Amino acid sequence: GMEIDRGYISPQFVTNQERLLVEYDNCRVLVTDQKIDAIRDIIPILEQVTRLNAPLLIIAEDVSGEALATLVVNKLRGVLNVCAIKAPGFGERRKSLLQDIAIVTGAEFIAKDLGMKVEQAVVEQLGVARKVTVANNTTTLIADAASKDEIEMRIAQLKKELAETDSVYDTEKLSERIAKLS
């Protein structure tokens, strides 16, 4: 499946005690490049997802403070299965990867540059992954919600970048991104 080089933000999210893994089926996915720290930011979507009986994976710039504390407590006390991971990479590269993840999961990228805020997120904006496995250092998503036209559009976009790039690093990352999308 599709791998992300980031693991769980807290080990308290673990569902598999023996393997120290988070293991979800049919998981809803929040995709954002915003930091989630204030409890007010996370409460609305948490309330909505709790009603749905679905697991939730949160991908954000970071999750910390009271917002993280609220997530761990709701998981530990059996309200819902939820896990947070950091968005991969940095800067424009992080943005590009989140766009990829949004496409693959059919999520709306709650992007800071477009003025989208986590506080007004609704379930409609969440993506879905068939299988989610979160380890301490990596995450693997299996998804079937992607529009194949969107995938082909994205690959065409990345194709031009790959043909044009002259660095080994970007050559490696772009060619592997096209693989993750394919």
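Throughout, we count residues from 1 along the sequence that is shown.
> If you average the Cα B factors in the entry, which is higher, 8-16 or 154-162?
Mean CA B-factor is higher for 154-162.
> Would 29-37 or 47-55 have the larger average of its C-alpha temperature factors, as given in the entry?
Result: 47-55.
> Whose CA atom has the top B-factor in the entry, of 134, 122, 69, 142?
In this record, 142 carries the highest C-alpha B-factor of the candidates.
> Between 146, 63, 118, 128, where does the Cα B-factor run highest in the record?
Max CA B-factor in the entry, restricted to 146, 63, 118, 128: 146.
> Based on the deposited C-alpha B factors for this chain, I'd like to know if residue 112 is in the lowest, middle or highest third.
Answer is highest: the recorded C-alpha B-factor places it there.
> Taking the entry's C-alpha B-factors for this chain, is residue 91 in the lowest, middle or highest third?
Top third by C-alpha B-factor.
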